[PDB]
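Visitor: Chains as they are written, first to last, in the entry's author numbering: chain H, 3 to 214, 224 to 325; chain A, 6 to 41, 62 to 127; chain N, 1 to 437, 445 to 485; chain J, 1 to 162; chain K, 1 to 100; chain C, 151 to 210, 212 to 450.
Where is the CB? At the ideal position from N, CA and C, for every residue including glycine.
One structure follows; several queries about it will come next.
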Amino acid sequence: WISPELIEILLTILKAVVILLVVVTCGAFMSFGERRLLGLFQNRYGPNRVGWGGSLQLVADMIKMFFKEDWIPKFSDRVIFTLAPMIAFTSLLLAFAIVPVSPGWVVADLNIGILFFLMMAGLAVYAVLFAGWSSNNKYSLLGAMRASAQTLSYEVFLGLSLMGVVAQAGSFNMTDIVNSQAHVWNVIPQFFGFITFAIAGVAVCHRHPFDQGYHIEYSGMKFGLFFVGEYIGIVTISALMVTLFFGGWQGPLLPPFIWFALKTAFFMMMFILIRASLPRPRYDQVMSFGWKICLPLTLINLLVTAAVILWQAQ
Amino acid sequence: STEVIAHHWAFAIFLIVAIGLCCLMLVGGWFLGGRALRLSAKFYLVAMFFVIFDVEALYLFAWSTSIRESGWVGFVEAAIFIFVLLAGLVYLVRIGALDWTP
Amino acid sequence: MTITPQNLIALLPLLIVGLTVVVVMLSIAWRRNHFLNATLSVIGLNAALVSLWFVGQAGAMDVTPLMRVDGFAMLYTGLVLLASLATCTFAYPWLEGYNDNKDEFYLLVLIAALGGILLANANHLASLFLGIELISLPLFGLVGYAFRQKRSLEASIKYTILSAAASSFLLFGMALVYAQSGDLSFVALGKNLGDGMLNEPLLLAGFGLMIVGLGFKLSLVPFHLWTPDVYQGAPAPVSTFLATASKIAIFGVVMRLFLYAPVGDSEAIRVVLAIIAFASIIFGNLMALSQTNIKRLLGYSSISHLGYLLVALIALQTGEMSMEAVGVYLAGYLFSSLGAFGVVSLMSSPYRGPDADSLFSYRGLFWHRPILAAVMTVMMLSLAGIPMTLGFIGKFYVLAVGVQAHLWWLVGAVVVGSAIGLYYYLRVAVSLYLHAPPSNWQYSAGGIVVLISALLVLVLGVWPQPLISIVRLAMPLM
Amino acid sequence: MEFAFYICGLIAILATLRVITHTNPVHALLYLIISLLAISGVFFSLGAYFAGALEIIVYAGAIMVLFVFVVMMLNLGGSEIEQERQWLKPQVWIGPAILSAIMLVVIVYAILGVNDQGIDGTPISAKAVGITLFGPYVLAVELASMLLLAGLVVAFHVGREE
Amino acid sequence: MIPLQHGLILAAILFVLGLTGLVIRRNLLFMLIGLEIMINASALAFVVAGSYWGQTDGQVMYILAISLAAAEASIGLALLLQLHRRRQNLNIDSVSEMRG
Amino acid sequence: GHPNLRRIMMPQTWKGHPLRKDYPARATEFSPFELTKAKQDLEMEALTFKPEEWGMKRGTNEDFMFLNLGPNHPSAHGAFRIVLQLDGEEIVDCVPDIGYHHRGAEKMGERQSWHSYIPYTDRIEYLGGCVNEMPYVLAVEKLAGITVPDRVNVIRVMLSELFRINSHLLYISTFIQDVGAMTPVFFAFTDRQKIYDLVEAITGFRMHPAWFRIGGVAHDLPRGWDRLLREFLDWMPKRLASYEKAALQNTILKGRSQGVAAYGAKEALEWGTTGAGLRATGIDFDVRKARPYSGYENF
Ligand SMILES: CCCCCCCCCCCCCCCCCC(=O)OC[C@H](COP(=O)(O)OCCN)OC(=O)CCCCCCCCCCCCCCCCC
Ligand SMILES: CCCCCCCCCCCCCCCCCC(=O)OC[C@H](COP(=O)(O)OCCN)OC(=O)CCCCCCCCCCCCCCCCC
Ligand SMILES: CCCCCCCCCCCCCCCCCC(=O)OC[C@H](COP(=O)(O)OCCN)OC(=O)CCCCCCCCCCCCCCCCC
Ligand SMILES: CCCCCCCCCCCCCCCCCCCC
Ligand SMILES: CCCCCCCCCCCCCCCCCCCC
């Protein structure tokens with residue numbers, strides 16, 4: 003069984019498995035780091051006793067949530083109730099699945115790329131919809147209608163925000179996107195695309211300030236699945252933002268993984284800072300900002316990007 | 006090529022391991038531990074606007090990957106497309122279709 | 001193939017009506033004004049109608065890998081634009097009594113007119129499909145415009161469900177045709193077959209599925225059951241538009257498709273279309289014998305007249321005046337349906353609420369409305385094939401076309417259906433004069456439109472030579 | 001390549017068959033979404049990558065979301081639907097199923113008599129689709145935008161609450 | 001190496017299944033669902049036909065097909081919401097006011 | 151002539167009237183049967199809700216829905232219910248369901264001595280403390296004919312103003328948190344900890360000092376109170392400006408708060424509204440100036 007083809011296949015499989023394991027542990031440790039960073043922002047310490055520096059708090063949470071009594075409501079649909087955390091985890095996980103972390107270190111070098119990210123987000127809205135329906139509660143139903151309306155109102159321009167980087171790269175591939183950032187990172191030309199993608203990625207992750224309850228009927232491992240899927244999705248959006256607007260793994264001196272991890276961790280810290288600082292806007296202004304402002308901004312940005320590209324092509 | 010079939014195997018392993026990992030943690034959560062309003066039409070309007078603008082967005086998705094090959098003629102065609110889309114959006118905004126509170 | 005300035009000036013009615021749609025939408029978004037929006041709509045449609053003359057100056061050519069502009073496109077674009085202008089003119093007094101928003105009606109009429117112009121200019125399967133749906137969806141809006149009324153909502157639901165099913169059938173048929181052929185151009189549907197294997201099973205089945213879809217769209221038997229209910233439930237200007245513009249545009253694109261496709265010469269398709277036309281004439285004439293409602297009777301009339309049109313369609317590959325006969329018949333049928341449904345709309349205007357009935361009560365119309373009764377009986381005699389009417393000239397053209405191609409079964413069907421149509425049309429025209437027990448210039452404009460249609464039918468029935476010369480001048484590309 | 005096509009086609013057929021014979025609207029829409037995912041897998045196995053991408057982005061990401069939105073808006077608890085079982089009585093479904101089966105055999109006989117060298121499965125990228133879309137199909141794009149606008153206007157006019 | 005006939009057979013099977021669901025179901029919602037299945041099957045047939053010939057025409061016609069499908073689904077759901085608002089039921093056989 | 155004279159403090163299925171002299175003040179024996187049946191009415195209250203019981207009319212037209220916020224709110228203002236008549240998201244009728252926090256403080260006042268009732272006066276407004284103790288001991292001193300010396304007046308004014316600053320800081324923090332910004336409540340609770348340090352030094356307790364007495368205060372001021380007061384007075388204004396610039400000048404908070412539930416002088420006068428609302432209606436009425444007490448004229 004000694005052959006270079008089988009060795010390469012096993013090595014690529016191990017690389018994908020390593021990427022997935024690092025992502026799930028990074029999401030869980032980022033929930034712990036969200037707690038710690040909220041403590042740091044709010045002039046306190048946070049969890050720092052369970053193990054060295056609180057690093058074993060996540061293990062305690064996992065053990066508690068595994069050994070808690072699993073509950074499914076008596077008057078609820080079992081399949082949909084079980085299937086909502088499945089979507090909330092796996093949809094944005096496989097949205098991460100296209101992100102290139104290093105040259106030669108990728109899971110799938112697809113020809114669609116952030117198109118596949120859009121498929122995964124459109125699948126991810128079903129988690130909120132299914133959790134609202136399967137709870138058999140009208141309060142959670144109305145909350146899910148509101149949350150799904152918000153996520154639709156911002157997914158309506160998520161892809162059009164990514165279209166500026168698509169136009170400047172000329173292809174849907176992520177490797178071509180990070181190769182086109184060899185001189186100037188995409189945050190400089192596609193700045194409006196950058197802010198609109200930031201707002202859209204914040205909104206579709208059900209995070210501050212675009213949130214709300225449909226979580227009340229879940230408990231035990233299903234609530235933990237929703238939680239870790241939310242943080243894994245924040246990791247996914249941060250890494251996609253790094254690979255789309257900040258060159259990804261490209262850097263002058265450090266190894267490419269060091270630059271990619273530094274930019275990703277900076278965007279996670281910026282997520283926690285956004286949660287700590289900004290207040291909650293009301294529904295009407297949130298939907299008005301999603302529709303009236305960001306979508307025409309993305310359309311005008313795409314038009315200006317096309318005009319600049321065709322002007323620069325002699 | 007060896008690289009492409011290796012990449013397909015890696016993607017298949019990623020999908021299978023992710024789905025099976027979430028299923029396994031669901032099974033473990035189920036296994037461990039002992040035991041003891063009328064909705065308005067504004068949601069429909071918002072979802073329908075999302076659907077229509079998502080199809081116009083898919084047209085723009087198709088255009089954006091081939092801007093250089095289409096030339097200035099494709100830019101003109103997409104300009105009329107985006108102008109019609111923005112006229113529709115302005116029409117929706119000005120009649121109160123996108124306003125939640127009356 | 002790219003677009004030239006010559007291709008742009010050949011695109012003038014499409015661009016003008018689209019710019020009218022954008023301008024009307026921006027006017028609605030600025031301030032809801034019924035009069036201003038209707039004026040902008042009719043000015044845009046008239047601008048397209050007069051830019052047809054510049055299109056005729058530009059000549060006949062192929063504008064797209066999709067569209068082709070020639071005299072065929074000129075004639076059918078003019079018919080569709082005239083139908084849309086008459087629809088707006090009849091729609092304003094009906095919309096004067098509407099409590100809800102009125103400006104969306106003209107937007108939908110403009111978009112449906114755009115779809116009709118695209119169907120007139122269509123030289124592609126994609127363009128044919130897009131024109132069919134661009135006609136259908138505004139008709140979904142207009143049929144159920146008065147959705148509070150039960151009849152209009154029911155007609156909208158029936159039309160939407162059945163047209164979605166027929167669009168699925170038509171798209172599956174185009175998919176089978178494209179799988180057989182490999183090119184979606186009209187001329188290339190059968191160019192890859194020779195030496196007597198034109199009757200390929202996949203191509204025949206695909207063309208049969210689009211025949212099903214178009215026979216729904218043309219109220220052909222046995223896809224005709226929607227016609228009286230949708231005609232009755234919809235508003236009367238919507239009934240006018242659905243009777244004239246949609247049928248004219250779809251039959252024009254069917255004419256162009258069957259003329260340009262080499263598989264239209266195949267005998268099995270011609271025999272199937274002969275059976276469809278025979279059954280359509282017989283059924284649409286027999287089913288209107290005992291109708292007390294003018295809208296259902298006019299729907300069965302539309303079924304029978306489209307059967308006569310299909311009879312003229314069958315001899316397209318044999319005769320030489322078959323498309324000329326179709327043009328003359330379609331002009332006469334446009335004017336006949338315009339006059340009849342305009343009289344119906346002027347009696348049904350303004351909209352007197354959704355809870356009140358829209359009953360016609362045509363008995364004794366002469367004793368309070370003499371001019372409208374005269375117009376209505378003129379159009380009733382025109383639809384019967386009675387002489388000194390344009391409908392008689394169209395019926396004579398259909399009869400000559402059927403005589404040329406030895407389609408004697410279809411000719412006997414035309415004679416029998418003409419007798420039955422004579423019975424019910426004369427019953428309506430004589431019920432107008434029995435005994436039974445406005446105030447704005449838009450209503451006067453609608454009355455002027457129906458009076459001009461009646462006078463045009465009378466003059467071109469007495470003297471049909473200018474219309475024949477105009478239709479012969481609309482020569483398509485061989 | 002062909003393995004994925006056959007498995008996804010069988011999954012889509014089974015899911016649609018469970019769609020048309022189900023009483024729960026949400027379960028029917030879930031099986032419909034599963035069939036859409038399988039049909040997009042069929043698309044990806046045939047090289048039409050843009051077709052599958054738009055199948056899950058739009059067909060399984062906008063249209064089915066709208067259907068689930070409407071279903072949960074109505075709060076359909078199967079009133080006079082779950083308690084009827086009308087489509088499962090053989091006197092109702094034997095006729096239409098026989099008719100659809102007859103049409104299926106006719107279409108299959110038509111399909112089996114065409115030239116077929118097979119599908120090579122070469123991936124047609126979205127770049128070529130966008131080149132053809134804004135090249136030889138400009139009027140298709142503009143009038144499709146017009147059609148989407150018309151559908152939006154009609155659905156706004158009909159689905160208002162007042 | 002996949003035959004075109006097998007893809008066309010799959011599309012035909014899905015089309016007649018959607019039509020059967022459109023016919024035998026008295027609910028308007030399941031009728032719209034069956035309509036969605038039929039138009040998706042037609043789009044699948046167009047994609048298979050386009051990929052057999054190696055052309056982008058199939059994908060372009062699919063794009064037009066799903067634009068129509070999205071618009072038609074929106075229209076039918078608006079009409080369904082109007083029917084459920086003004087009649088409190090989705091019985092398609094009970095809405096038969098005009099006939100003959 | 152009352153539109154709806156139902157019980158507001160006790161539940162509707164309560165026998166007798168508690169503030170009558172023949173009613174026993176002390177707690178009756180507990181029964182799980184009463185609790186279980188009351189759980190049954192708590193279960194069927196959503197199903198058997200009749201708007202005519204609560205004074206609402208034309209309930210369920213069928214364009215109105217009934218919303219119950221309580222009984223437990225996720226806030227520090229207490230636990231209570233509000234039933235709302237709704238058209239979509241618009242409130243047309245609403246009545247609050249109160250009495251979930253009834254402690255019988257008046258009935259307790261009839262069974263405690265004049266001296267032993269002061270800790271009960273603490274827990275009337277539990278963010279007030281000495282502010283709640285002051286009117287009771289002032290009225291008892293009016294009964295006793297006691298004129299307190301000046302040092303007593305200034306000490307009571309000091310503690311009342313300290314607890315007023317504590318309550319105002321907690322109120323501003325909870326309003327900011329209810330808007331959506333959860334950060335400044337931590338810093339303002341640190342400021343409340345500074346106030347609590349001074350109050351612990353003076354009275355020996357944090358929240359309910361029970362330190363005011365009939366005729367004075369329980370102890371003299373501890374040696375070193377002025378140091379803690381000086382550090383607190385130096386600490387406060389920078390933190391106040393920081394909270395202002397962080398949240399009360401934010402445009403999102405202004406959009407959430409400006410123009411919401413506005414009333415004029417007539418509405419405040421006819422409904423007995425006092426304090427911040429009455430002065431926000433333009434009426435200058437503070438008891439510390441109009442009818443001065445505890446030597447407030449010397450400040
Ligand atoms: C709870 C579970 C529910 C069901 C979940 C899914 C079940 C199936 C799991 C096993 C899948 C096995 C692997 C399938 C093949 C993966 C590789 C692949 O698709 O390769 C084809 C193509 C390659 O692209 P490229 O390299 O660019 O090609 C150039 C030259 N070939 O690449 C592509 O075409 C890429 C695009 C297709 C990728 C599909 C990914 C999965 C989509 C479904 C997600 C479902 C999410 C959960 C449920 C949502 C609610 C229903
Ligand atoms: C195993 C028994 C059944 C077990 C339960 C069901 C599990 C899911 C089964 C369906 C999905 C997986 C099917 C198997 C895919 C395996 C990978 C494969 O066949 O790849 C081939 C090809 C790779 O790309 P290509 O460049 O064409 O490669 C040619 C090789 N030179 O691939 C392609 O070109 C595209 C590959 C397909 C598209 C991506 C994956 C789509 C997945 C859709 C899932 C739908 C929901 C299924 C739900 C099942 C449970 C209800
Ligand atoms: C990897 C992806 C994530 C990347 C992380 C880093 C970026 C995070 C981006 C977060 C974006 C949050 C956007 C919040 C939008 C809120 C819009 C809204 O509803 O505003 C309402 C408010 C009042 O509006 P009005 O209708 O006038 O109400 C007055 C009525 N009396 O209106 C106003 O007060 C006016 C201002 C509205 C908001 C403008 C945008 C502010 C965005 C937040 C600040 C970002 C600063 C830069 C952060 C670092 C970026 C690198
Ligand atoms: C938030 C970061 C998530 C990363 C997910 C993927 C992890 C893959 C690990 C790859 C390790 C080797 C990287 C290439 C070698 C060069 C760099 C070596 C030092 C890190
Ligand atoms: C043959 C083509 C049509 C020619 C014109 C037909 C008649 C049109 C209407 C003219 C006006 C008719 C007035 C009839 C009055 C009858 C009064 C009867 C009194 C007992």
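#1: What are the partner residues of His124/N, as DSSP defines its beta bridges?
#2: Along the stretch 225-239 of chain C, where does the CB come closer than 8 Å to a CB of chain A? Name the residues.
#3: In angstroms with no decimal places, state the Cα-to-Cα distance between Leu237/C and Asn219/C.
#4: Using a cut-off of 8 Å between C-beta atoms, extract the partners of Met333/C located in chain A.
#5: Comparing alpha-carbon positions, which option in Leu134/N, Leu107/N, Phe105/N and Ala126/N lies nearest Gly116/N?
#6: Work out the CA separation of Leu170/N and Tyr31/J for me, nearest whole Å.
#7: Measuring from the CB of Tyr62/K, is there a heavy atom of ligand 5 at a distance below 7 Å?
#8: Are the stretch 302-310 of chain H and the stretch 195-210 of chain H touching by the rule of at least three beta carbon pairs closer than 8 Å?
#9: Counting only Cβ pairs nearer than 9 Å, list the residues of chain C close to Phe69/H.
#10: Could you list the residues in the stretch 144-157 of chain J with a C-beta less than 7 Å from some C-beta on chain K, going in chain order?
#11: For chain A, is any of its Cβ atoms less than 8 Å away from the one on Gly203/H?
#12: Does ligand 5 have even one heavy atom less than 7 Å from the beta-carbon of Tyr425/N?
#13: Would you report the Cα separation of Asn101/N and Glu162/J, rounded to the nearest angstrom?
#14: Can you tell me where the alpha helix (DSSP H) with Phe156/J in it begins and where it stops?
#15: Between which two residues does the alpha helix (DSSP H) harbouring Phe106/A extend?
#16: In the DSSP assignment, what residue or residues form a beta bridge with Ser445/C?
#17: Output the distance between the C-alpha atoms of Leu119/N and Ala73/N, rounded to the nearest integer angstrom.
#18: By the criterion of Cβ-Cβ separation under 9 Å, what are the contact partners of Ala45/K in chain A?
#19: What alpha helix (DSSP H) runs, 4 residues minimum, are completely inside the stretch 371-444 of chain C?
#20: Note down, one range per segment and in chain order, each alpha helix (DSSP H) of at least 4 residues found wholly within the stretch 313-387 of chain N.
#21: With 8 Å as the threshold, decide whether the Cβ of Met103/J is near any Cβ in chain K.
#22: Between the stretch 396-421 of chain C and chain H, which residues of the former have a C-beta closer than 9 Å to a C-beta of the latter?
#23: Could you tell me which of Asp124/A, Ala82/A, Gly121/A and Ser95/A sits nearest to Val109/A, measuring between CA atoms?
#24: Going by DSSP, what residues sit across from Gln236/C in a beta bridge?
#25: Which one of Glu276/C, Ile158/C, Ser408/C and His319/C has the shortest CA to CA distance from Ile249/C?
#26: Rounded to the nearest angstrom, how far is the Cβ of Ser337/N from that of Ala461/N, given a contact under 8 Å?
#27: Report the residue from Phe50/J, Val42/J and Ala4/J whose alpha carbon sits nearest the alpha carbon of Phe174/H.
Guide: A quick look at the data gives this:
#1: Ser185/N
#2: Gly239
#3: 11 Å
#4: Near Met333/C there are no residues of chain A at all, since even the closest Cβ is about 25 Å away, more than 8 Å.
#5: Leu134/N
#6: 26 Å
#7: no
#8: yes
#9: Among the residues of chain C, none has a CB under 9 Å from the CB of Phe69/H; the nearest is roughly 27 Å distant.
#10: Taking 7 Å as the Cβ-Cβ cut-off against chain K, the residues of the stretch 144-157 of chain J that qualify are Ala144, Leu147, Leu148, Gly151, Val154 and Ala155.
#11: no
#12: no
#13: Answer to the nearest angstrom: the Cα atoms are 12 Å apart.
#14: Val138 to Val158
#15: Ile92 to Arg119
#16: Beta-bridge annotation (DSSP): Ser445/C is not paired with any residue.
#17: 9 Å
#18: Residues of chain A passing the Cβ test: none, with the nearest at roughly 20 Å.
#19: 376-394, 402-408, 416-421, 427-431 and 438-441
#20: 322-348 and 370-383
#21: It does: the Cβ of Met103/J has a partner Cβ on chain K nearer than 8 Å.
#22: Correct list: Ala397, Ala398, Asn401, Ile403, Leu404, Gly406 and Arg407.
#23: Ranking the options by Cα distance to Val109/A, first place goes to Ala82/A.
#24: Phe217/C and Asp244/C
#25: Closest in C-alpha terms to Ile249/C, from the list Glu276/C, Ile158/C, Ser408/C and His319/C, comes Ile158/C.
#26: Not confirmed; about 12 Å, so no contact.
#27: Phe50/J
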